[PDB]
Amino acid sequence: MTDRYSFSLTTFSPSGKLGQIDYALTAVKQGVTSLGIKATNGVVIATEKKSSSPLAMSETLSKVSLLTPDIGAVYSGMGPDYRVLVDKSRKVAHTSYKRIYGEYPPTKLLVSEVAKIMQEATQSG
Amino acid sequence: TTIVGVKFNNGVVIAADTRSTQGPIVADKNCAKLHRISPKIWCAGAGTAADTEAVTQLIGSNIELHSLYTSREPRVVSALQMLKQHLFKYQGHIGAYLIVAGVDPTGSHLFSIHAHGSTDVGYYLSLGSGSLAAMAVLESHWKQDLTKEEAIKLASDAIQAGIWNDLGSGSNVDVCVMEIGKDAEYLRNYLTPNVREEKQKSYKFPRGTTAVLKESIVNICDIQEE
Amino acid sequence: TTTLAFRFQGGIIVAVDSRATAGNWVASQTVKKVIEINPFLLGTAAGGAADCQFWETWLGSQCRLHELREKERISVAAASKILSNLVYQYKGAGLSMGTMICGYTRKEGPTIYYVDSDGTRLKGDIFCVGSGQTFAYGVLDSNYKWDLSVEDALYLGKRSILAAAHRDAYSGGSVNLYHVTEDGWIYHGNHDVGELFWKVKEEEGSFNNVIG
Amino acid sequence: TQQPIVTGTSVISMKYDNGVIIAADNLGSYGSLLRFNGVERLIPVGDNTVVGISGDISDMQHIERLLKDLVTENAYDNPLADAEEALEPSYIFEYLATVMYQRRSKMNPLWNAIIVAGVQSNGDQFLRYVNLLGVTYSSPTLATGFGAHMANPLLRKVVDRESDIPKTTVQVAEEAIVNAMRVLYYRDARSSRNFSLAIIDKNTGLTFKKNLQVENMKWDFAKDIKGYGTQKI
Amino acid sequence: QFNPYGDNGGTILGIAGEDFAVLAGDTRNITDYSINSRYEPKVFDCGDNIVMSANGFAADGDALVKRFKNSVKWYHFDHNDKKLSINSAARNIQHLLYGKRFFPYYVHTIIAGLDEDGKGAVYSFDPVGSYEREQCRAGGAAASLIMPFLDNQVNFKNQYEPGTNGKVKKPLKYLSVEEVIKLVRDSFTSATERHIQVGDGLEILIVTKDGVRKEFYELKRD
Amino acid sequence: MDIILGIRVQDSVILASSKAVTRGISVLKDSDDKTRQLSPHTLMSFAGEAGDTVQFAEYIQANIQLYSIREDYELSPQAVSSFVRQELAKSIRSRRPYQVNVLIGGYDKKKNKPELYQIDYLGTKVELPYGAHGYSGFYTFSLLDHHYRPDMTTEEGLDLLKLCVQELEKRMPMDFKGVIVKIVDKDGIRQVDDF
Amino acid sequence: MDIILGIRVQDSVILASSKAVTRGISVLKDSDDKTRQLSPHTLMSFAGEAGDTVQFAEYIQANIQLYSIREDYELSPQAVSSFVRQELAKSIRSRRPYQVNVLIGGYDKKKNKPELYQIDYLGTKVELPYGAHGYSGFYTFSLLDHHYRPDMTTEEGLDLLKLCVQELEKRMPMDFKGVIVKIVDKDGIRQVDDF
Amino acid sequence: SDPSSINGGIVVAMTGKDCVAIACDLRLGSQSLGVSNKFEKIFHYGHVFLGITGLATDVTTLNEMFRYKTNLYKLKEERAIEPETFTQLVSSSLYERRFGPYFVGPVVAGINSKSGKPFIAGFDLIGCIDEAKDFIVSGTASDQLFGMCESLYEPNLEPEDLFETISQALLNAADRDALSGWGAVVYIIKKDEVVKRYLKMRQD
Amino acid sequence: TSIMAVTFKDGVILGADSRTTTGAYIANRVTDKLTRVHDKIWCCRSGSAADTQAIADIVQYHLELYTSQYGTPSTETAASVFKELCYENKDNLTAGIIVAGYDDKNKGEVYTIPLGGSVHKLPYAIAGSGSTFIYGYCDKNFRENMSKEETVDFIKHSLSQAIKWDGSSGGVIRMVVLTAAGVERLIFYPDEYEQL
Amino acid sequence: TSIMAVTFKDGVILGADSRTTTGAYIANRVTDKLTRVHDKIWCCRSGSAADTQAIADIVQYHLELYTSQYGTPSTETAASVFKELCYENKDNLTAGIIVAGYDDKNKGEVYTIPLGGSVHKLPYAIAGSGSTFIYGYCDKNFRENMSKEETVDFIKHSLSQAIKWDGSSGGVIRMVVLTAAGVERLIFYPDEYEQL
Ligand SMILES: [Mg+2]
Ligand SMILES: [Mg+2]
Ligand SMILES: [Mg+2]
Ligand SMILES: [Mg+2]
Ligand SMILES: [Mg+2]
Ligand SMILES: [Mg+2]
């Protein structure tokens with residue numbers, strides 16, 4: 001066994017494109033529409049609950065997720081990838097911030113941590 | 001330290017004194033010993049003060065992540081299990097002695113936890129240097145089917161026994177009431193029976209009393225423009 | 001503690017600090033480390049404070065009994081040896097004593113005896129005892145001469161305690177000066193180290209390292 | 001220097017308006033072994049004093065003989081031995097206190113904590129403590145060993161200072177003592193259910209009660225307690 | 001192993017005035033984290049206008065006081081009812097303490113009264129009998145909390161006269177008995193707040209040419 | 001080893017270090033140089049446990065020489081002293097700590113100032129006009145406190161140093177076999193061969 | 001104290017004893033005479049624990065002086081050494097033994113012979129041509145073994161003694177502040193004031 | 001032997017009306033030997049002030065560590081760290097060395113730049129936070145400081161009055177401690193000005 | 001602590017006191033020392049409370065995972081898991097555990113695991129500090145194939161004596177009955193058993 | 001060691017095992033631990049053999065000299081002499097002695113004197129290392145005013161169990177019967193008491 005894929009699966013093509021990132025963006029394009037609007041005294045995020053079946057309970061599938069008491073997230077694209085990112089985002093808000101400073105991270109820094117996780121899946125083996 | 005926990009009709013109450021000490025010296029005269037693990041799960045700590053605060057924040061942090069992961073409100077038994085397995089792993093070197101109390105979908109709960117990782121169940125419990133003074137009161141006045149008002153009275157009376165009779169305990173009584181189907185109400189400084197009397201004299205000095213060698217402005221601001 | 005005593009042309013200078021500590025806690029700044037055995041004899045106190053007080057007061061009683069019986073002033077040699085023989089009987093029991101027995105008689109002249117709780121008894125010209133002894137020795141050794149004036153000798157003893165008071169954490173408070181002559185000792189006052197330090201710094205130009 | 005072998009636990013006591021109450025259980029422990037169940041640890045001296053003793057029982061028996069000998073000696077050439085020149089609580093205590101401190105000073109202590117309870121000639125309440133170190137103190141409530149930690153807090157709720165003593169009746173005082181003995185039985189691992197209680201009143205004299213038991217105990221709530229955390233059955 | 005010593009806590013304070021002296025001490029008696037008594041007198045009138053307290057291990061404290069009171073009695077018998085002067089009492093106490101040099105009374109002793117010129121006097125002793133006349137001396141548990149405050153407020157240490165900026169010290173003006181008692185009460189109130197062994201009650205013995213007077217004050221009981 | 005002294009005067013730093021090396025009963029050497037040149041204008045003297053002293057000194061030397069080559073630049077005395085402190089501070093919580101006390105005498109060519117740093121085995125750094133380690137200060141500091149001036153010449157500094165050594169030779173029980181004296185200034189490091 | 005040496009030559013005994021008195025950290029004296037004249041032709045040097053040394057030496061002195069007066073006669077060095085040994089042998093099983101080592105240098109006027117006796121604190125007596133106590137022998141005995149002759153003059157004995165002291169001053173870690181040298185012969189006891 | 005009392009020294013912090021004050025002695029020693037009279041124990045990162053008593057090597061190390069951490073904080077957060085936040089950082093950093101701790105007694109002091117609220121805090125060597133309203137004390141004369149502060153302190157003191165109170169608290173406490181003194185520094189901190197004053201004291 | 005397990009005709013009964021001490025202070029007077037590792041496999045705990053709780057929790061986990069895969073475990077299997085933990089970690093444990101269970105095939109079984117980590121299958125077992133005082137009584141009074149009522153009386157009388165003499169034991173006498181019929185909890189208070 | 005003394009209707013009976021060990025080696029397997037200090041005052045010895053022999057010999061001397069002057073001593077008097085020696089020399093003794101005697105006035109009496117040197121008058125007493133295992137049995141089975149045969153059976157059964165569990169006890173069971181009729185020695189061998 002062992003993970004013998006210790007090399008990058010995303011690489012620069014001759015034209016300078018990173019194929020797997022572009023293809024990931026194509027997968028996002030196929031995904032259901034979600035949006036965000038910022039007001040003076042608040043922010044709103046919204047999306048469609050595209051139910052795969054009417055027998056399915058769409059309330060159990062949360063597309064909009066609480067990350068911290070003051071931060072929320074919504075997505076477009078592959079749901080399972082989102083779900084694990086929310087788990088990692090919630091944990092990293094504690095491990096790399098709340099357990100150090102005794103308070104929840106500001107939006108931009110939590111976003112920065114999420115961005116870092118996504119960057120690493122673009123370069124790691 | 002004197003900390004107690006008391007079960008009642010529709011929930012549980014915990015209480016604590018507010019004196020933290022360094023040997024025989026009182027470091028803080030109004031310490032907050034009632035800590036929050038989750039909104040409706042609270043605990044009081046005795047022993048090594050850093051260990052009690054550190055272990056409640058860690059388990060409280062993991063409890064929050066667990067609550068988010070499972071989409072369920074946190075349970076006291078989960079806090080209990082996580083605390084005891086952590087403390088057991090460190091074999092008493094983490095000197096945390098806790099009374100854990102709270103409400104959850106299963107009901108109301110009251111546990112004690114010792115530094116080596118052992119846990120106990122009870123309707124009334126006491127921990128800390130004033131635990132014997134407090135337990136004497138609890139053993140004298142506790143009964144089954146206490147009301148909310150009776151439990152708060154009993155709990156605070158048990159802390160008072162520690163405050164007056166135990167040198168390790170003093171100052172004020174903090175209380176937190178966790179009732180089923182309700183928000184937990186934290187009652188900071190529920191009792192204040194130890195206010196210092198006015199001093200005989202004011203020790204405000206005349207300005208210029210202290211001898212000074214040098215003065216200077218300290219630059220706290222960043223490097224300036226232009 | 002810092003105590004010193006040295007012989008010179010004009011007799012003996014005795015100088016001591018005034019600090020008493022129990023660990024890091026400064027118990028007192030006004031402690032007397034010169035025991036006035038009698039009007040002619042002085043003793044310094046280092047080590048055990050009670051042991052030095054008790055037994056040097058007792059020594060005064062023995063010296064008084066001697067001159068009543070013999071109709072003659074006791075010699076510094078004899079007085080010092082009464083104390084050293086006494087503490088030697090107690091050797092092992094845990095007495096803690098380091099003292100200079102100082103006096104000025106006809107037959108001996110100015111004489112200093114270092115007496116110890118181990119039973120050591122040493123005659124000498126310069127002695128320094130205590131936690132700050134090394135600091136005082138430096139100032140003494142570099143500035144000492146037999147032909148010092150009483151004024152300069154008094155200052156040297158004062159300055160040497162100041163040196164120790166500054167550097168040694170367990171020395172300070174104030175300086176007590178004595179001048180021992182043949183006709184008896186003469187007290188030369190209590191000098192607060194706090195006030196003395198700044199005074200000496202300015203007038204002497206020393207302690208440039210310290211900001212004043 | 002020794003170590004205690006057969007030991008007695010808490011002695012508890014308090015002042016009330018007309019006198020003093022003192023109590024102690026009837027156990028002589030041998031380490032964790034509850035060896036002897038019929039040990040009287042309250043020893044009356046005359047009709048005005050009761051000495052309560054905890055700690056080493058062999059030393060208690062020695063002290064018991066000293067007090068017995070003290071009564072004999074006081075009667076010698078003393079026509080007023082049963083009147084003006086009878087033994088006072090204060091005399092008995094000072095004697096014991098002298099002995100205890102002398103013995104600690106020879107590095108061979110009587111390994112005990114003692115409470116002398118009684119009423120003086122003028123009707124004053126006497127209650128004072130002495131132990132193996134010769135340390136003495138007086139208080140409206142006094143207790144030894146575990147009693148100090150658990151009984152005193154309860155007894156001090158009745159008589160918190162000197163001014164509460166005249167307000168406290170013998171019925172209230174006895175009730176508090178009996179409750180304290182129950183609490184000690186719940187919580188002291190070296191205690192027994194059986195105890196003795198002595199009241200020394202300036203009007204009704206010495207009332208010595210033997211073979212008392214802790215009663216009205218709460219245990220029913222134990223049935224509901226299951227496991228140590230997660231267990232339901 | 002048997003330990004012949006113990007710590008009964010407590011804190012005492014002696015202050016010498018111009019024509020008076022006070023010796024104060026809290027009335028709390030303790031072992032470890034338990035209170036033995038909220039009122040156990042610690043400062044004693046020993047006769048001949050002398051007040052005494054031997055703070056630390058209470059059994060040795062009581063023993064010493066008892067032996068000194070006894071010494072006052074026998075001083076009267078042996079020397080035609082002569083008054084024992086405070087300096088003579090002090091030297092006598094040194095010998096009582098040094099008598100047990102190799103098995104000491106585990107106490108810090110302080111006595112107070114008037115000297116033979118009628119001025120206020122306080123003497124301070126270590127456990128083995130080294131002693132000294134002092135103007136100001138706190139002893140016991142909260143001594144380290146009280147002495148710095150007294151250096152500042154009685155002797156005006158580190159205090160200078162405004163405008164001069166360190167050049168002129170604040171003058172050492174004499175304090176009245178009412179002024180001293182204020183500093184004593186504030187010393188014990190502060191010590192009670194920050195030291196667990198201090199509290200319950202404060203008993204002050206004031207010595208003047210008229211005799212010995214007592215004053216009692218409540219302290220916090222926690 | 002035993003005695004190491006340091007004094008910063010007007011335009012130079014002077015380090016005096018004992019020559020004796022004693023292994024218990026016998027004095028094995030009476031000409032030992034307890035110092036290493038870290039850079040052209042930075043000298044470090046040292047004293048402590050046997051082996052650790054030289055091992056540490058040479059390790060520091062190698063690291064500073066490596067830095068000098070990499071950057072083609074001499075680190076300031078302050079920078080070198082901070083590096084050394086960190087190594088000792090790292091060392092004190094190691095499995096087996098370096099038992100070494102050092103003085104760092106350097107001339108800062110940028111600021112045109114002499115600089116003396118005293119660092120003990122715990123990583124306790126202090127910048128001083130004069131310094132010592134072990135018992136050396138107990139004997140010498142009273143003399144230095146008295147005579148020292150910040151505007152002293154190199155020759156005056158050496159005279160005050162002789163007085164310190166004389167006091168040591170008088171009152172110290174151990175025979176430290178005299179001292180090797182070295183001067184650090186703008187022109188670099190040189191040894192005073194007659195002392 | 002530290003170093004005491006002894007050498008018996010043709011017509012005299014020479015005792016060399018260090019001048020230093022050290023109380024832990026400081027050298028309190030550098031002119032201490034570690035010897036007592038027991039009788040006109042008998043000298044005893046001594047070294048050991050502080051207090052005990054002088055107390056013992058003076059006690060022996062008093063006893064020999066008492067004997068001298070009572071009998072109007074000087075005891076032989078052998079007789080004095082046997083008395084001293086017994087006192088030390090008595091001392092070693094006492095509550096608190098005298099921690100003192102001695103050399104007894106005497107001239108026997110009856111036999112017209114110099115005599116050197118070495119006695120340690122246990123009461124271990126040996127008559128020797130040359131002797132020492134403590135670590136002194138470790139440094140000096142190889143030189144004495146090589147150069148010593150029983151027919152040496154006093155001047156030659158002093159030269160060999162200088163060589164021993166030089167070796168001590170070179171290899172001993174402690175500064176013993178030189179030695180006081182005394183000669184015991186038919187004319188009595190005298191001190192060599194320049195050494 | 002005891003690491004917290006080898007080098008000696010003290011720090012005290014007090015709150016006043018719209019101001020805080022933090023002060024320290026200047027002594028560094030090797031037990032009985034005085035080594036330095038310029039060893040300052042107060043540091044600042046932006047407007048947040050940190051005093052540190054105890055083992056001097058750890059005082060230096062922790063200062064360098066918190067400079068390091070507050071510099072990275074500022075670069076990422078794009079703002080200076082606040083006293084409340086820094087207090088939690090000090091606590092976290094100390095507790096991560098739970099079974100091999102820095103032998104120190106840190107003291108945080110400052111004013112929150114947004115709320116303007118005066119803030120002080122103290123810690124044990126292992127990270128336990130003491131957030132007192134009135135005053136925080138630390139060092140080898142902490143008992144003495146507790147005694148001085150408890151009697152001298154009163155709430156809502158003006159900056160120039162607070163200076164006198166904290167100065168006298170420090171000075172007289174240090175004079176009853178062998179291992180403290182050799183000079184002293186007092187910081188008077190207001191929302192947008194900080195004054196630093198070196199005090200004249202006895203040098204023994 | 002006073003604990004015991006006794007096999008009888010219909011199965012097995014576990015018995016225990018309820019006292020937990022810290023020195024001479026009774027930290028808990030209503031402790032439950034009879035703990036469940038499986039439906040009809042229980043244990044009695046003595047020694048370090050932290051250790052025996054930690055062990056019991058791990059065993060319960062192992063038997064739960066065993067049951068998910070291989071069905072109901074035997075009492076012997078449970079005892080083996082206890083032993084494995086106690087034996088391999090003997091240097092860091094202070095645990096004396098009695099394991100008792102009911103199979104239909106094997107019926108009532110009792111295994112005792114003392115400090116060393118050895119295993120001993122017995123008709124009945126006694127353990128804890130208070131057991132020392134009842135070795136004589138239990139050996140004289142135990143019979144095989146007793147009835148439920150006889151076994152309850154045997155345990156009640158035995159632990160009554162252990163409690164009477166051992167200061168470390170006391171409170172209520174808890175019992176758990178394991179048979180084909182199911183799991184029955186019993187409790188007996190001081191006023192009942194002290195007069196025996 | 002396993003020793004006991006039991007009062008009954010006609011007087012008192014002393015009982016003891018016969019094992020004396022040096023570590024795990026049985027130095028003597030036929031020891032007589034029932035020793036005579038007077039005609040009808042005997043004792044059972046436990047602890048240091050040297051100490052208890054030395055004490056018993058001194059007591060016998062004291063009671064012999066007592067008898068010469070004041071006539072037959074009471075059992076209480078004998079117990080007092082034992083106590084005086086054990087209490088005053090408690091620092092240098094390791095002795096646990098049971099004193100048993102028969103008067104005509106007082107009948108059978110038993111006094112136990114444990115390590116500390118205290119005295120306890122009891123209806124019956126048990127002591128020695130093996131006694132720990134029979135506290136439960138003896139407490140349940142003892143009755144006052146038993147017959148001679150019942151008391152012999154009680155002691156035999158009790159010491160049988162003490163011997164069974166205590167490695168320091170063993171050998172034969174010796175007994176001494178003290179009544180008005182006189183002094184009767186009894187012995188019971190392993191083959192007899194082991195099968196009980
Ligand atoms: Mg004498
Ligand atoms: Mg309290
Ligand atoms: Mg020899
Ligand atoms: Mg100083
Ligand atoms: Mg023996
Ligand atoms: Mg056997």
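Computation of the quantities below employed the complete heavy-atom set of this structure, encompassing side-chain atoms and omitting hydrogens, waters and symmetry-equivalent molecules. Each chain gets a letter, A, B and so on, in the order its sequence line appears, and its residues count up from 1.
Between F:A47 and F:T53, the shortest heavy-atom distance links the atoms C-CG2, 3.7 Å. For the residue pair C:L4 and C:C128, the shortest heavy atom distance occurs at CB-SG, 3.4 Å. The two residues F:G131 and F:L103 have their closest heavy-atom pair at O-CD1, 4.1 Å. Taking each heavy atom of F:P129 and C:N209 in turn, the nearest pair found is CG-OD1, 3.5 Å.
Residues forming a side chain to side chain contact (heavy atoms under 4.5 Å, CB included) with G:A132 (at least two apart in sequence, or on another chain): G:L5, G:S136, G:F141. Residues passing the salt bridge (charged side-chain N to carboxylate O under 4.0 Å, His left out) test with F:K186, sequence neighbours excluded: none. With sequence neighbours left out, the side chain to side chain contact (heavy atoms under 4.5 Å, CB included) criterion links F:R96 to F:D52. Residues meeting the side-chain hydrogen bond (donor to acceptor under 3.5 Å, both in side chains) test with F:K177, sequence neighbours left out: F:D175. Among residues two or more places apart in sequence or in another chain, the side-chain hydrogen bond (donor to acceptor under 3.5 Å, both in side chains) test is passed with F:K34 by F:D32. Evaluation of the side-chain hydrogen bond (donor to acceptor under 3.5 Å, both in side chains) rule for G:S45 yields no partner, not counting sequence neighbours. The side-chain hydrogen bond (donor to acceptor under 3.5 Å, both in side chains) check on G:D151 picks up G:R149, with sequence neighbours excluded. With sequence neighbours excluded, the residues satisfying side chain to side chain contact (heavy atoms under 4.5 Å, CB included) with C:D116 are C:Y114, C:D118, C:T120, G:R23. Partners of G:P97 by side chain to side chain contact (heavy atoms under 4.5 Å, CB included), not counting sequence neighbours, listed by chain and number: G:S91, G:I92, G:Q99.
Taking a cutoff of 4.0 Å between a charged side-chain nitrogen and a carboxylate oxygen, F:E167 and F:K170 do not qualify as a salt bridge. Contact check on G:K19 versus G:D33 returns no salt bridge, with no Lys/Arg side-chain nitrogen under 4.0 Å from an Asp/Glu carboxylate oxygen. Using a 4.0 Å cut-off between a side-chain N of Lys or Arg and a carboxylate O of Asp or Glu, F:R8 and F:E115 do not qualify as a salt bridge. Taking 4.0 Å as the cut-off between side-chain N and carboxylate O, F:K162 and F:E169 do not count as a salt-bridged pair.
Counting only heavy atoms from C-beta outward, the side chains of F:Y139 and G:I25 approach each other to under 4.5 Å. Counting heavy atoms from C-beta outward, G:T154 and G:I183 have side chains that approach closer than 4.5 Å. Looking at heavy atoms from C-beta onward, H:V35 lies out of side-chain contact with F:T124 at the 4.5 angstrom threshold. Annotation: side chain of F:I7 is in contact with side chain of F:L160 (closest heavy-atom distance under 4.5 Å). Side-chain contact between C:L122 and G:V21 is present, with heavy atoms from C-beta onward closer than 4.5 Å. Between F:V9 and F:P114, the closest side-chain pair of non-hydrogen atoms is not below 4.5 Å. Using a 4.5 Å heavy-atom threshold, the side chains of H:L55 and H:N7 count as touching. Looking only at side-chain heavy atoms (C-beta outward), F:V126 and H:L28 come within less than 4.5 Å of each other.
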Throw together a table of side-chain donor-acceptor distances under 3.5 angstrom for residues 188-195 of chain F, partners on residues two or more places apart or in other chains.
| residue | atom | partner | partner atom | Å |
| --- | --- | --- | --- | --- |
| F:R190 | NH1 | F:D185 | OD2 | 2.8 |

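Side chains of F:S76 and F:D108: a donor-acceptor N/O pair is absent below 3.5 angstrom, by distance only. For the residue pair F:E74/F:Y67, the side-chain donor-acceptor check at 3.5 Å is not satisfied. A donor atom on one side chain and an acceptor atom on the other are not found under 3.5 Å apart for F:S68 and F:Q65. Defined by atom type and a distance below 3.5 Å, a donor-acceptor pair is missing between the side-chain atoms of F:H133 and F:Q118. Checked by atom type, the side-chain pair G:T35/G:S17 shows no donor-acceptor distance below 3.5 Å.
For C:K123, the NZ atom is loosely surrounded, since the number of other residues' heavy atoms within 6.0 Å does not exceed 12. Atom OH of F:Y121 sits in a sparse spot, with 12 or fewer heavy atoms from other residues, nucleotides or ligands closer than 6.0 Å. Atom CZ of H:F103 has more than 12 neighbouring heavy atoms from other residues, nucleotides or ligands inside a 6.0 Å radius. Counting heavy atoms of neighbouring residues, nucleotides and ligands inside a 6.0 Å radius, atom CD1 of F:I69 does not exceed 12 of them. For CD of G:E127, the number of neighbouring non-hydrogen atoms (other residues, nucleotides, ligands) closer than 6.0 Å is greater than 12.
The side chain to side chain donor-acceptor pair (under 3.5 Å) contacts involving residues 77-86 of chain F comprise F:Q78-F:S82, F:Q78-F:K125, F:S81-F:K125, F:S82-F:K125, F:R85-H:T57, F:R85-H:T61, F:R85-H:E64, where partners must be two or more places apart or lie in separate chains. Sorted by first then second residue, the ring pair (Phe, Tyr, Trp, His ring centres under 6.0 Å) pairs that include residues 147-171 of chain G, not counting sequence neighbours, are G:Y130-G:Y148.
In terms of modelled atom types and a separation under 3.5 Å, the side chain of G:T153 and the main chain of G:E156 share a donor-acceptor contact. The backbone N or O of C:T1 sits less than 3.5 Å from a side-chain atom of C:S171, completing a donor-acceptor pair. For the pair F:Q37 (side chain) and F:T42 (backbone), a donor-acceptor distance under 3.5 Å is absent. Distance alone, capped at 3.5 Å, places no donor-acceptor pair between the G:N101 side chain and the G:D120 backbone. Within the 3.5 Å criterion, the main-chain N or O of F:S26 finds no donor-acceptor partner in the side chain of G:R171. For H:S5 (side chain) and H:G8 (main-chain N/O), no donor-acceptor pair under 3.5 Å exists by modelled atom type.
We find the CG-OH distance between H:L33 and F:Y135 to be 11.0 Å, quoted to the nearest 0.5 Å. Taken to the nearest 0.5 Å, the CD1 atom of C:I126 stands 5.5 Å off from the CG atom of C:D141. One finds the OG atom of G:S18 at 8.5 Å from the CE atom of G:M172 (value rounded to the nearest 0.5 Å). Residue F:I104 holds its CD1 atom at 6.5 Å from CG of F:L38, rounded to the nearest 0.5 Å.
Aromatic rings from F:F46 and F:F56 are positioned such that their centres are separated by 6.0 Å or more.
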